[PDB]
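**Q** Here's my sequence, what's the structure:
(chains A, B, C, D, E, F and G)
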Amino acid sequence: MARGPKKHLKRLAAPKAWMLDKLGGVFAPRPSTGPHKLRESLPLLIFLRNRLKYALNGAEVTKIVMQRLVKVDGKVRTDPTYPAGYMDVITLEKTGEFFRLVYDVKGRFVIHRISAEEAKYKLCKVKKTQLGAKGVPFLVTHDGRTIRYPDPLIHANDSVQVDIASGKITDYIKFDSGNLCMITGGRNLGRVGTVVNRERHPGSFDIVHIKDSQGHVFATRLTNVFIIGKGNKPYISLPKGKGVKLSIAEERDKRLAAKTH
Amino acid sequence: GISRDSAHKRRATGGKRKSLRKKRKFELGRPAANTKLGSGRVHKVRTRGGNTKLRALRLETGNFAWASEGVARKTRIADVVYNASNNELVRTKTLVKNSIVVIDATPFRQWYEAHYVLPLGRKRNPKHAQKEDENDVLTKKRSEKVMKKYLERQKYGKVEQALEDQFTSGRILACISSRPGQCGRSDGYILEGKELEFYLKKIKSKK
Amino acid sequence: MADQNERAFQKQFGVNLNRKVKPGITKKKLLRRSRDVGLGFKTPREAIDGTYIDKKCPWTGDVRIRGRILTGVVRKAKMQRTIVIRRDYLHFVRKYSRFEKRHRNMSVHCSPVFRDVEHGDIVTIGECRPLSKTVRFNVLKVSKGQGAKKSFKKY
RNA sequence: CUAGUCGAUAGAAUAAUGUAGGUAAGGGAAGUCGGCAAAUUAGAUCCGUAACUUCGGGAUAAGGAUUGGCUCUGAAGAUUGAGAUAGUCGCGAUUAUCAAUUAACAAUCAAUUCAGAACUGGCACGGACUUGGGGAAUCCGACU
RNA sequence: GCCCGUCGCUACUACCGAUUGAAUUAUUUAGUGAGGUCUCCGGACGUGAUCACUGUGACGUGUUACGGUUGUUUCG
RNA sequence: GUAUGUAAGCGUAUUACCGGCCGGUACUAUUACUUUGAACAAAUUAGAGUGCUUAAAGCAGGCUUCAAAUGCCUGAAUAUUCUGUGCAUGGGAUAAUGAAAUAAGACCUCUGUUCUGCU
RNA sequence: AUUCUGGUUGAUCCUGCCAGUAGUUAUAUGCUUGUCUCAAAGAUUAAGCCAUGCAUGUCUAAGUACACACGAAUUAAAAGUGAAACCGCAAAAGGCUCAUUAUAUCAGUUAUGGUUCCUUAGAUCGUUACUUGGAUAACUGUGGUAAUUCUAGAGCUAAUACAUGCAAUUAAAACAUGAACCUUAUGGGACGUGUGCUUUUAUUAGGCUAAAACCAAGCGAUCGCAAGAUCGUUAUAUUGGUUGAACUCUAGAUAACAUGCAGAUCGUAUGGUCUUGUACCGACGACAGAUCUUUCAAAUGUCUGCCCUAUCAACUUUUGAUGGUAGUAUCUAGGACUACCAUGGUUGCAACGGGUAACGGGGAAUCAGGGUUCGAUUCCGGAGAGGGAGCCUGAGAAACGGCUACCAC
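**A** Numbers count the residues shown, from 1 in each chain, chains lettered A, B, ... in the order given. There you are, the coordinates:
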């Protein structure tokens, strides 16, 4: 802590996966130290004003969150600049919104609705498995949620499924090369499955060799993986077409096929 | 004041990197304890905010551990005989970290007679032949398990003869282990095995 | 090398002669908990049964090796528990797409288990905590150390 | 101290001037032929050293700091090195190999010069004595 | 036919220069110290206990409840 | 008929094992170089889309809807200056380095005629 | 547009330039100048000086209200407003600057196992006045001063301010030891205490191939009348981690150590409970704190990569130069720095020395590439508020729209 602590963030320095504009304004929202990181989060002012487009300006947000409409993950979170990172359930019951955050094929975010049962549970990664906290055992997740006294076979670097309205774990899956995965924050980010290989670097930062369903190989470091199911067996409702990362000409194929002219 | 940074100290081949951002608040260090052995005083000061580090000045006593069991007993520090590096800390008798200090030999005698029924050390007979109240609390025969437990106990009273000479004189050496300048205590343990027989050559032969 | 020659006493901190009362008899053949780096590097056998103290030793001190790992050659070894090594690399210019022979020099610390390292032996290097004003590395393994021509042979 | 001398005309008396030994508040060469009598400097350790040089100097350059008494640790040596081990006689007496030792080992005696540090005093410090002012130039003559 | 150089005119450049020169520069050897932090100490006033001052409430007048421009030894 | 630019067999660590030719596991002298990469802010440059009236812009907007608009989305991509060093992987040409000449030629190993034992 | 053009010479061709014409967010200036879409900025010399102005506080149902300013008074409700005034946090962000600085800042990749942390949250408080003390602003009133920018005495009065701590603040229990016991043993203590949380070392186990022969208990069991020797299976040589390991971490134990701590807080909205016992109960918190995780962080390292000179060729230890080791401080590495010790780090692979009209950088302008120039200046990062230097408070400045000195004006 020295002459800071950098309580602003201007235009053009926010991560451009926010789909942030350029003109007029000269600032980013700059979220406040919430349950996720800086470049990984996606707050309410970004989503509701500019892409959900139900709040017109920033002062329009100051009513709805203070009139207690949006609650995320069961808590109301009345601060407008709550960071609201990945794999979190936007529990907006009016008019039955039920949103989550899954990264795009193009790495951005998407307006996508989930069900109310899909709002009851959620999937969450862990970073370490800790012994020493209350009383003897502990477990730390990815999103600032804590687990004391878990089942002793779930080790670190796994992804478990919890009910947010409870404090229990409902499901866990293994770290195996037959599992469905999600890349979070890499160059090849936003592809679903379908890993077959990993190579443990002897000190350090092992990258993983993840392929797709069409045989295209890709990779990233270990901090990006989000294991999202078994062999072609997800645990969520998915966004649009399956992280396939086609060519620009194939991207131009949807520019000509699904258009009226 | 003087900072603890590299504001001094020309870089690795001789030349003088001159100034570059004159001074910072956090990068400084304060005048040290220089704690003479005295009558147990203490002082409070701000640190890096939130933390309350406690320093020591004019200190008297402390608690000190044992080697083969980890038996920590509080007693009055008598004096000092030796510091590790600065003889100009020896002569002024200043309390530092792991220096050679003589302490008491008193409370370890009475504490141990449950396990060490033979009292250490061997006190002089014809003036202390009366017991106030030693001989009853040594064995007492107990008609029960605890004296019987002390039969398979007191098989570990095969301690070093040098401290047995030192216990019967009543002035044992020990090694203050903790930091006087971070917590304001004088916490340590008795040197027993190999540095005990070492440092007397550093003391008695140089006496 | 040492017969504990110091004006104080030197001992590896964290162990004590506990003599009679003990959970079982854990002799361990010496009262010296020699750790290991476990990064593929084998431990030297002399480190476990060593008499040397060396608080800054990576095997036997309060050190865990961090950072990266590299190799190279050594030139000078006069200074105590510390040798002077040398690394080589190239540089890529713009005007010519050509290269050069420049180099850096990092001074490094040695445990005495790699006793008698000379010019110009070949020594791999790994990083650790700062020791004193320059030393952030520690010697890993006398890997080759063989000059088959001028340095590494008797006469 | 050891040896030896009071031998230089005397008891008295506080005038000048002189005879020699001095200090004098300011400024400090104006004084006078002229910085000449006279004052500062003076020992030792620690640096720090300018132009010109025949490269031996100039060199003590200049320009400085430091310096008691009292209470202590740190260092520079010599002689026996120390001397296991097994038993004998009766612990006494008696008989032997030598690595580590051992850096001011273990006994013992030892000169004197250093190298620091606490504390304290006319706040004077080599306290009197011993004892140098310095600097650019000229013109000589080389020098002792 | 070009064309070489002192020399004198006239202008201009720049360098050497006695003048131990002249300003200015950013450091820096040591010579006194502002002002603070730390600290040896100091310890105004202002208290709580307390010997104790006295009333009434109390006790057996004193003590205290309640209090005093209360004074004093006590101890912080 | 022919061609050879294709893979296997065949002049041999085309590695040891369990599996159905085919998965998992025992398990390798280096560099420089290059291979695909990984990680790694934009913004700007290049720029894919795009009739802001055009441009320079900018990321807007497009839309039987014509008589109701519920009217789905496209978006805001993609790489170079996001040079470099170093951190994976492919590859074995080039470029050196690298054994076995006071003696290691080996023993795949029942293996000791060592001893360190180790639970 | 990978482009030339004129001039030597009587006339020739040549190297060699010079001149020309190109753009140039690159500033100035000259002339002209209808409409518009947009729009650089007292950087450059001079980080020079400065009249006035203004760039900073903030209140919710809910921390404290005794405001006639009053809403209200048969809701003494005071919930309105709360101006005040104590408090709560913030005032270290931004914005302005290029003057210092040269393998430094930075660029990048990169450690924190070598540290801390305001706050969101996430688990996260059964260990004798009880819901106590005293004391102050505002508010009056006496004022003062040569002074608009300061400020005394007196009368008052509160807390989510301060001081102190119980009715569950409660121990049973669990549980170590001494202890009602008594007995031969993966047998046995009734009870006194001890039982929170951190501080502190010390000790202990800290990440574990397989069979017996054999023997101390002689355990289930075996020989045996039994003692007690034999053997023998299962739970039992049962703590975590990157899982690259003394991560001395919050864990587990032993042993003591000092110093606090352990919500006496609060309103929305009241209720179940009427025994109306104001006993027992609703969600709450904008609430406070401790434990840990997390987030934004910051401050030193790690590698590679910086501009010009041989009229700088050797440098650094005065009083740290490079390492040893103990220790000090410091939030922590550490010659950071004291002391003791060694006699070293560095260099013709341009080291140390000076010099720059030199803040780095993302980046900017021109063509066929390779570029050479620069980039003060909206983005990022590092720095300064006249010259310099200490430092309070706080989590966080060595702060300057905080203070202090001196110095300048």
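
**Q** which parts of chain B sit against chain C?
**A** B:9, B:12, B:67-69, B:84-85, B:155-156, B:158, B:192-195, B:198-199, B:202 (C-beta under 8 Å from any C-beta of the partner chain). Yep, even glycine has a C-beta here, placed from its N, CA and C like the rest.

**Q** quick one: which of the residues you listed sit in strands?
**A** Using DSSP state E, no member of the residues of chain B next to chain C falls in strands.

**Q** Closest approach to RNA strand G from chain C, which residue is it?
**A** residue C:38 (1.9 Å; C-beta to the nearest atom of the strand).

**Q** burial of that residue, as a residue count?
**A** When neighbours are counted by other C-beta atoms under 10 Å in any protein chain shown, residue C:38 registers 10.

**Q** So it: helix, strand or coil?
**A** coil (DSSP: H, G, I helix; E, B strand; the rest coil).

**Q** Out of the residues of chain B next to chain C, which end up buried?
**A** B:67, B:68, B:84, B:192, B:193, B:195, B:198, B:199, B:202 (16 or more other C-beta atoms under 10 Å in any protein chain shown).

**Q** just the strands in the stretch 151-261 of chain A please.
**A** Remark: strands assigned in the stretch 151-261 of chain A by DSSP state E, counting those that start in this stretch are A:159-163, A:169-173, A:180-183, A:197-198, A:207-211, A:217-221, A:225-230, A:233-234.

**Q** so which of the ones you listed comes closest to residue A:241?
**A** strand A:233-234 (13.7 Å; C-beta to C-beta).

**Q** List the neighbouring strands of the closest one plus their orientation.
**A** Neighbouring strands of strand A:233-234 in its sheet, by DSSP bridges, are strand A:225-230 (antiparallel).

**Q** My read is that residue A:110 contacts residue A:240, right?
**A** Yes: taking C-beta atoms under 8 Å as the definition, residue A:110 is a contact partner of residue A:240 at 6.8 Å.

**Q** shared neighbours of these two, anything?
**A** Counting by C-beta atoms under 8 Å, 6 or more residues apart in numbering or on different chains, the shared contacts of residue A:110 and residue A:240 are residue A:104.

**Q** the more surrounded of those two?
**A** Shown here are residue A:110 and residue A:240; by other C-beta under 10 Å, residue A:110 has more neighbours (15 against 12).

**Q** what sits against the residue lying closest to that one once chain neighbours are set aside?
**A** Leaving aside its sequence neighbours, residue A:110 sits nearest to residue A:239 (C-beta to C-beta, 6 or more residues apart in numbering or on different chains; 5.1 Å). With contact set as C-beta under 8 Å, 6+ apart, residue A:239 has these partners: A:102, A:104, A:110, A:112.

**Q** show me what contacts the residue in chain B that chain A sits nearest to?
**A** Nearest residue of chain B to chain A (C-beta to the nearest C-beta) works out as residue B:26 at 7.0 Å. By C-beta under 8 Å, 6+ apart, the contact list for residue B:26 reads A:2, B:48.

**Q** separation between it and residue B:1?
**A** Separation of residue B:26 from residue B:1 (C-beta to C-beta, to the nearest Å) stands at 12 Å.

**Q** For the one residue sitting closest to the centre of chain C, give me its contacts.
**A** Centroid-nearest residue in chain C: residue C:139, 3.1 Å away (criterion: C-alpha atoms, centre = their mean). Residue C:139 makes contacts with C:83, C:108, C:109, C:110, C:111, C:114, C:117, C:123, C:124, C:125, as judged by C-beta under 8 Å, 6+ apart.

**Q** Tell me, how many residues neighbour residue A:97?
**A** By other C-beta under 10 Å, neighbour count at residue A:97 equals 18.

**Q** ok, so what distance separates it from residue A:111?
**A** 10 Å.

**Q** Identify the contacts common to the two.
**A** With C-beta under 8 Å, 6+ apart, residue A:97 and residue A:111 have no common neighbours.

**Q** which non-adjacent residue is nearest the residue of chain C found nearest chain A?
**A** Residue nearest to chain A within chain C (C-beta to the nearest C-beta): residue C:39, separated by 5.0 Å. The shortest distance from residue C:39 to any non-neighbouring residue, by C-beta to C-beta, 6+ apart, is to residue A:203 (5.0 Å).

**Q** now that neighbour: how far from RNA strand D?
**A** 42 Å (C-beta to the nearest atom of the strand, to the nearest Å).

**Q** For burial, what's the neighbour tally of that residue?
**A** Residue A:203 has 16 nearby residues by other C-beta under 10 Å.

**Q** can you pull the contacts of the closest residue to residue C:33 other than its chain neighbours?
**A** Spatial nearest neighbour of residue C:33, chain neighbours left out: residue C:15 (6.4 Å); criterion: C-beta to C-beta, 6+ apart. By C-beta under 8 Å, 6+ apart, the contact set of residue C:15 is C:31, C:32, C:33.

**Q** ok, the second one - contacts?
**A** If you count contacts by C-beta under 8 Å, 6+ apart, residue C:32 has them with C:12, C:15, C:48, C:49, C:50, C:60.

**Q** In helices only, show me these.
**A** Within those, residues falling in helices by DSSP state H are residue C:48.

**Q** so which of the contacts of residue C:15 comes closest to RNA strand E?
**A** residue C:33 (40.1 Å).

**Q** So the closest one is in contact with residue C:14, correct?
**A** Yes: under the criterion of C-beta under 8 Å, residue C:33 makes contact with residue C:14 at 7.2 Å.

**Q** and those two? which has more neighbours close in?
**A** residue C:33 (11 against 7).

**Q** Helix, strand, or coil at the more buried one?
**A** Per three-state DSSP, residue C:33 ends up coil.

**Q** about what we covered before: contacts only, for the nearest residue to the residue nearest to the centre of chain C once chain neighbours are set aside.
**A** Leaving aside its chain neighbours, residue C:139 sits nearest to residue C:110 (5.1 Å; criterion: C-beta to C-beta, 6+ apart). By C-beta under 8 Å, 6+ apart, the contact list for residue C:110 reads C:81, C:82, C:83, C:117, C:139.

**Q** Put the buried members of those into a PyMOL selection.
**A** Buried residues within those, by 16+ other C-beta under 10 Å, are selected in PyMOL with:
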select buried, chain C and resi 82+83+117+139
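
**Q** Restricted to strands, list the contacts of residue C:110.
**A** C:82, C:83, C:139.

**Q** From start to finish, how long is stretch B:71-81 in a straight line?
**A** Taking C-alpha to C-alpha, to the nearest Å, stretch B:71-81 runs 23 Å from one end to the other.

**Q** right, I mislabeled it, should have said stretch B:72-81
**A** This stretch, stretch B:72-81, spans 22 Å end to end (C-alpha to C-alpha).

**Q** How many residues are close by the residue nearest to residue A:229 when sequence neighbours are not counted?
**A** Distances taken as C-beta to C-beta, 6+ apart put residue A:180 closest to residue A:229, at 3.5 Å, once the chain neighbours are dropped. Neighbours of residue A:180 under the rule other C-beta under 10 Å: 20.

**Q** neighbours around the residue of the stretch 101-250 of chain A found nearest RNA strand E, how many?
**A** Distances between the stretch 101-250 of chain A and RNA strand E by C-beta to the nearest atom of the strand are smallest at residue A:132, namely 36.4 Å. For residue A:132, the count of nearby residues is 8 (other C-beta under 10 Å).

**Q** if I look at it, how far off is residue C:17?
**A** For residue A:132 relative to residue C:17 (C-beta to C-beta), the value is 30 Å.

**Q** what sits against the residue nearest to residue A:229?
**A** Residue A:180 touches A:192, A:193, A:194, A:227, A:228, A:229, A:230, A:231, A:232, A:233, A:234, counting by C-beta under 8 Å, 6+ apart.

**Q** ditto for residue A:176
**A** No contacts exist for residue A:176 under C-beta under 8 Å, 6+ apart.

**Q** Apart from its chain neighbours, what residue comes closest to the residue of the stretch 101-250 of chain A found nearest RNA strand G?
**A** Residue nearest to RNA strand G within the stretch 101-250 of chain A: residue A:132 (2.3 Å; C-beta to the nearest atom of the strand). Among residues not flanking residue A:132 along the chain, residue A:138 sits closest, at 6.7 Å (C-beta to C-beta, 6+ apart).
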